[PDB]
Structures are given as C-alpha cells and as structure tokens.
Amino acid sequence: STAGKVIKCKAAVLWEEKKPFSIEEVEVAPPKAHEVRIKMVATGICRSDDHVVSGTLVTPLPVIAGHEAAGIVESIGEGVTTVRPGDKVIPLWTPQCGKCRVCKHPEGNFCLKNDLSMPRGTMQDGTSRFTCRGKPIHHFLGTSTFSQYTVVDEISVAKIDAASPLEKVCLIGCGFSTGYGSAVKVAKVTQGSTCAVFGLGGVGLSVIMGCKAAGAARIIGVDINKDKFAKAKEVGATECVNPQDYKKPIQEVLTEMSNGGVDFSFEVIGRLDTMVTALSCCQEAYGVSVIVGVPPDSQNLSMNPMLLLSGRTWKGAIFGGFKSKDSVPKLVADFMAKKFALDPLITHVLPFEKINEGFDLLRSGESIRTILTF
C-alpha cells in the first residue's frame, strides 16, 4: 500500500495571487523522521486562506493553502510517538514544540516554531513534501489542508477522539477555537459585562459564543452586512448594529449605548480602522480590546496614545490563546460532551472539487463556514 511510498493525489494549488485555485495532481512524499502523513477528511475555508490569495497575508507562492482541518493518519515517520496510523487528528497551524520559551511559559501559545511570523512555507527541516509539474510547492503554516494527503511535523498535529465527527470538528482547528479562546481565555470576559464584536463571520460568531459562555450580559454585534445579524443573535448576540445606518461614527454610538463604553471589544475583521475603533469604544479607564483580525501585510495603523494612558488594555492573540497540542484534544472532548455547538457556523458543505465556489460564497457574504469534503 501507500506507507513509505510517494502518493499521487489532487490538491488545490495557488500559483499566483488573485487567481483561482487550480485543482491539480501532486506527488506527496512520505513522512520523514518525526513527520506524519495525513489523509484529509474535511477542511474549512477560513478568511485567512483568502488573505493569501488577495496578497493580504504574504507567504511564499506557489503554495497549497488550507489550515482548518481534520483527517486520519496514513503513516508516521521514524520517531513519532504521539499518533499512530488510523488515528483521527487535527493539524495545528500554530505548533507546540514544548521546548521553546513560549511553550514553557504558562500563558504564551505562539510557539517559536511557527511559520506565520516569517513565512518560509516549508517543513521544519526547510524542505517541501509537495511536487506538481516537477515544481516544488510550498506548504502553508506547516499544514496545507487543501490536499487529499498532507505531511506535517509531529509538533503540528494533535490526536483527537476516535468517535469525532470530523466534518464538524475540523472547525476547532481555527475559526471556533480562535473566537472562543479570544473571549474566555484572552480577554477574560466577566459575567455581567458588556461586549462588542466587530465582524460576524465564523470567528466573530465564535467570539459571541465565548462571551455568552463567559456570562456577558450584553453582546453587541457590529457588521456592515445586515444578513449576518440573524445568526449572530441566534448564537448569543443581544443586539446587532450596522455602521452605515448611522450619521455619526460607530464608536460614538457604542459609547452612548453602553453608557460610556463597553467592557470588552473584539476586532474580528482585519482592518486598521476597525482595530482603532474597537479600542476606542471600550471604557477608557478599564476596558479591554482584543485584536483577532489579521491586518494587511506591511501596513501601520495610526492612534492616539492617550486612548491607552487613561487605562485601556489592548491585546492581540493567535489561535485564541490556546496551547494548540494541549487544548485541541480537550475542545473536541468538550464538543463531544455537548458543551458547545458547531453547526450554526457551518452554512455550506461542498465537495473539495468545488473549492473555488466555496471561496466565492465567502467573498460575497453568503456564507459563514463552508466545509470542503474530500
């Protein structure tokens, strides 16, 4: 069979920026020492995958994007001790080497072995496991889930429950855990508080779930797309406001509504203006603002340091603050315990082949989470 041999399969390759994904046949080399080869089962389309296409998030091209997924272990390389063939796993785009200063720190989660800070687009050893048309293709965040088969290092994978519905749980690999963690873990939303969430996509709706789970008394959803409002309220939002409905800036509206400003605000979009607006709408003396959105490559925002001096706290976070490998299996166990619902996030389920169409649904605002089944 396939073990130890080169496998040929279909992958969605992005050759150029702003071009559609090309469904190609690629050759996936076998797992080297401390690597694992995975058979993909389901993969969600996250806006960050779209940032690569738009040139917003720069990573070496050509590449096989995709990072929000769930699959099954096909083979493991020499030295692997955390997973074995036939094991259901979720690849980790934010690794957990367990040995750097971040992993050793009780709170940091942005492991130094990550490939997001300075994208090399390769494996930990600096080489690629993908070949298409004889040309080496880059990896994306050490995951590359838009492929029937993918190879990831041991530090970038977690073993999860054997009874896990992989087509639902793949959301824990990004969107959900990110939004949920930003609220309960990072911001530390308090019972009775008033929160504001800018952006009601898959990650934004998950922030709303975190806040509701944390006990927030009031949760204001903000989005320029009013069609997103029903789902927001469905998952926990008390009210939703659309900026274009107002003659005066939204931070002013939010300040008046909350009688001085919100307790916690989240930016879950990726725009420089909304990041400052979110900071501004939280209470000046003790408000917390968390940036969840990924900003456009090489751009600086402008803000008045006085917003901070008065007492506000501004933070940012990757993967919702969770140490990936420790937390991923745990969230799956909690999902299984029926502790939270993922369904409201899944709006479309399409075959992997219909990849470009799932992206078209995102860009147009028709979808929240589209899962691609292989």
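Start at 1 with the first residue shown and count on from there.
**Student:** Select between 82-90 and 130-138 the stretch whose C-alpha atoms have the higher average B-factor in the entry.
**Tutor:** That would be 130-138.
**Student:** Looking at the entry, does 198-206 or 237-245 show the higher mean C-alpha B-factor?
**Tutor:** On average, C-alpha B-factors are higher across 237-245.
**Student:** Return the residue from 173, 296, 287, 121 that has the highest Cα B-factor in the entry.
**Tutor:** Comparing C-alpha B-factors across 173, 296, 287, 121, the top value belongs to 121.
**Student:** Checking the record values for 102, 162, 279, 186, which has the greatest CA B factor?
**Tutor:** Spelled out: the listed residue with the top C-alpha B-factor is 162.
**Student:** Should residue 155 be placed in the lowest, middle or highest third of its chain by the C-alpha B factor in the entry?
**Tutor:** For residue 155, whose C-alpha B-factor we compare with every modelled residue in the chain, the answer is the middle third.
**Student:** Using the B-factor values recorded in the entry, state whether the Cα atom of residue 261 falls in the lowest, middle or highest third among the modelled residues of its chain.
**Tutor:** Middle third by C-alpha B-factor.
**Student:** Sorting the chain's CA B-factors, does residue 37 end up in the lowest, middle or highest third?
**Tutor:** Its C-alpha B-factor, which the entry lists for residue 37, ranks in the middle third among residues of this chain.
**Student:** Going by the CA temperature factor in the PDB record, which third of the chain does residue 190 belong to: lowest, middle or highest?
**Tutor:** Middle third - that is where residue 190 ends up once the chain's C-alpha B-factors are sorted.
**Student:** Please say which third, lowest, middle or highest, residue 77 falls into when its CA temperature factor is compared across its chain.
**Tutor:** It falls in the top third of the chain.
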